[PDB]
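Presented below, as structure tokens, is a lone chain in the form deposited in one PDB entry.
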């Protein structure tokens, strides 16, 4: 394609970061094809699915997120500098994740999966939604990997060699882990 047949109808979600127990899709920019839904530029939809016993390693988004439970049952931990706050999503349960707060979403135990609806409200840039991960995995390495060894030596009070060890990684699996136990 290229430029909306008018269309308000939309089935295509690009492949963010899938796996053998995961998924992560981000629906295209409403105003990519069409001139018509202009008021909807600064928003994006991310549909993310996962099997039982799996995690979604901490990362922050630079966007304000509104979360939604389409199918399944979940558990949302939200990490801030003085403690963590823990929630449960269950059917239809909805919650608003505040742009910039690192957070990890899990799906407990059973045999039914998890289906979440992520709705992004964008500030630093319209359309753009960048989720920032702490882990060096197959594809992307960890952001703590973009500073100079000197920064990491200075910052940490450990040796590049101590750092690089709990820095980067094989993350064979990647971003949608399996709930070890």
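Residue numbers count along the first chain shown, from 1. Under this definition, the rigid core comprises the largest set of C-alpha atoms superposing within 1.5 Å between the forms.
Another form, the form deposited in another entry, is not on view; read the next lines as being about it.
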For residue 163, is the CA shift between this form and the one not shown at least 2 Å following rigid-core superposition?
-> no
Between residue 126 and residue 10, do the C-alpha atoms lie closer or farther in that other deposited form than in the shown form, with a difference of 3 angstroms or more?
-> farther
One pair moves by 3 angstroms or more in that other deposited form: the C-alpha atoms of residue 135 and residue 172, which are closer
